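*Asks:* Experimental structure and sequence below, a few questions after.
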Amino acid sequence: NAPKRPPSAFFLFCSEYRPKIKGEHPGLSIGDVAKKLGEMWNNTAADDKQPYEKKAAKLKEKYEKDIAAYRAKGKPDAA
């Protein structure tokens, strides 16, 4: 029922690095270490974006369609 926004390229990255920066930053929050990632991703390894992208992309892509397909109907239910 009603799909819920999968990863965003940066989401993969976020997960992978949180505990590394946090690793040395056991004083930050998932609001600051998050801000760090928030930026590092832009200015990450541009060739590392590629894998992250193909994954988040595939998942969100499905979503937008199945969502569009779960909205198109429900109420008019006459095509």
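*Replies:* That came through fine. Residues are numbered from 1 along each chain as shown.
*Asks:* My read is that residue 10 contacts residue 52, right?
*Replies:* Yes: contact criterion CB atoms under 8 Å: residue 10 and residue 52 qualify, at 7.4 Å. C-beta here means a position set from N, CA and C on the backbone, and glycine is covered the same way.
*Asks:* Can you name the residues in contact with stretch 5-12?
*Replies:* When contacts are defined by CB atoms under 8 Å, 6 or more residues apart in numbering, stretch 5-12 is touched by residues 37-38, 41, 49, 51-53, 55-57, 59-60, 62-63.
*Asks:* Just among these, which is most surrounded?
*Replies:* For these, counting by other CB atoms under 10 Å, the largest number of neighbours falls to residue 37: 22 neighbours.
*Asks:* surely that one meets residue 19?
*Replies:* No: the criterion here is CB under 8 Å, and residue 37 misses it with residue 19 at 11.2 Å.
*Asks:* on that earlier part again, farthest-separated two in the contacts of stretch 5-12?
*Replies:* 38 and 62 (25.5 Å; CB to CB).
*Asks:* can you list contacts of stretch 52-66?
*Replies:* 3, 4, 5, 6, 7, 8, 9, 10, 11, 12, 13.
*Asks:* roughly how far is that stretch from the heart of the chain?
*Replies:* Centre-to-centre, stretch 52-66 and its host chain are 9 Å apart (CA atoms, centre = their mean, to the nearest Å).
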